[PDB]
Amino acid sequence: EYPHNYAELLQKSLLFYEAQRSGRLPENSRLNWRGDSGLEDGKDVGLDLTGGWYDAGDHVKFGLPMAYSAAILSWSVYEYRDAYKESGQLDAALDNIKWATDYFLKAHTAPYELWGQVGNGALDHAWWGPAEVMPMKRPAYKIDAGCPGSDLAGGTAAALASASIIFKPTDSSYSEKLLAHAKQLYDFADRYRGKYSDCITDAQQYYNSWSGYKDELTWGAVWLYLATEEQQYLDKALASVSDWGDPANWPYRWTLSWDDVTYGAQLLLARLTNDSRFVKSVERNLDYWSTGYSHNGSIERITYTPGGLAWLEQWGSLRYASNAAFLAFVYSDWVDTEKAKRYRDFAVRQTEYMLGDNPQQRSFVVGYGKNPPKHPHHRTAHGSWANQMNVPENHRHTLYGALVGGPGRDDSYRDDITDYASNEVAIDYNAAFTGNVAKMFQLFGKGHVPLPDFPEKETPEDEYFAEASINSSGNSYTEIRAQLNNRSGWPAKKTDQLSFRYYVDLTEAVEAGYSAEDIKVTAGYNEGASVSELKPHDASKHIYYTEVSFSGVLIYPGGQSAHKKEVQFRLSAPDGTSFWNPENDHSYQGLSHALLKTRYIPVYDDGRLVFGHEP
């Protein structure tokens, strides 16, 4: 069997959020395959909008699911702080939530203005490569008083308010700052009513506000109550519920998600009030998800796969079962009735399904457990240099901790980078899941310890190199074809100051009465390089080189044309001479007429040797 370690699992789930980081990364970052990215986010609107999380396997920063994810992560630290502490993961949980809330503070530039998206969906998704080298424009979009977004603003207010609670013990001034912004955002949500996707209309095609904003208005208010213990916010929360309509008709067949936070709001209000409206609605939902909801005369129950997974729909199936399990866990830690036992058992069984107890006999958490998914739908972890999903054929990097979309309604599943149902990853997928892992550690994790010095720095493959071949060679010249490659991935990096050197031995020239001045270096077919005349490398041994420089030419791992540039160059002794001998030339060794990588044409970036061997 797989020997589960819930401290390790929790550690890895938080490492997933570290892999999602946009912006300038700290020096002490645990992932050597992530570098600075999105550094111009907000420049088109004159703001520093850098930081935050990439949503999924893409690089749009979608505000509504980012707020949701930070809120739920904060919620689980609020409920299960001791589990985070004893598993060693509290510092990492706070540090990862702070990455999101720091971005919310930058996005909240004015009391009634909130930047809600960076990146355009079509522009971002049309290109398949690592975040560090994104070549497209990344526009920023906002809501404000003239074009509001009570769902986005309310959900971000909830994220800041919940975060303000969990940061207070270790950073009271940051806590106070989070809380002050949360009050402003909630006033924005309350006073200027509308769905954010009616204003940031790009979001309609990815994170449409299907449920509207009445749920976020309750959600933000109750979180502000929990964060201030001021009665006005509880009153506002309860008043906002009147817009939910007749309590007999409250929905119960969905679950907590980035779109519908009704299920979180009513659960929090049930604990605060014991009002039968919220208690009954919570239990209708969790009955429907677990044993079945009894109408007195019939039993209504969510679809279950034959393998035991509670199956809501085709996309992010595991995310939905995890979100339900988190509600079940939190409710079963509150309520005293038999429903506490039934919901707890449900939550454990669903969590055990996605950790390996399923017909596929495999974990659905990348880099954890038995036979985890190897091909999650994730641009930067895959690391294509060619703008193609099947190049390379395996991921360059391990996206530790990511919960994939998972099986279909018949437990079917395919570990395929293009299978979006199976292998999508996303910050909202991992948010409640992270809390469920904390609870699994509390319940079953005695003696579980996290992994030390983890993860190990990945050893890079060849990232910068020339492939070269011999065009022709005579007794007075050598002509070379070269393609200078940037296939970087540890981390991927844009390079516009790449160069290489081609080394020759001129001993036979000196013996014949000639010198380096008599060799002419010329370019033929050329995609933007300069080729120097010969320069000395070792004067005593008559070793010279030509410097071939693509200075000012952008080369980067983002497409078949983007990752390489070509130049053909010739080194010529005077016409009619016969001394020229390439066979003792350092950079000529092993070359054939077929283009092939060579370690003897060293490559430089801004003058720094980055690959290959000098003589």
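Numbers for residues come from their place in the sequence shown, where the first is 1.
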property: 400 to 408 versus 463 to 471 - which carries the larger mean C-alpha B factor in the record; result: 463 to 471
property: Which of 228 to 236 and 386 to 394 has higher mean CA B factor, as the PDB entry lists it; result: 228 to 236
property: Residue with highest C-alpha B-factor in the PDB entry, from 259, 79, 527, 124; result: 527
property: Per the PDB entry, maximal CA B factor within 415, 428, 132, 479; result: 479
property: Ranked against its chain, the third holding the CA B-factor of residue 377; result: lowest
property: Among modelled residues of the same chain, the CA temperature factor third for residue 581; result: highest
property: Chain-relative CA temperature factor third for residue 2; result: highest
property: Record-listed C-alpha B factor of residue 563: chain third; result: lowest
property: Cα B factor band for residue 284 (lowest, middle or highest third within the chain); result: highest
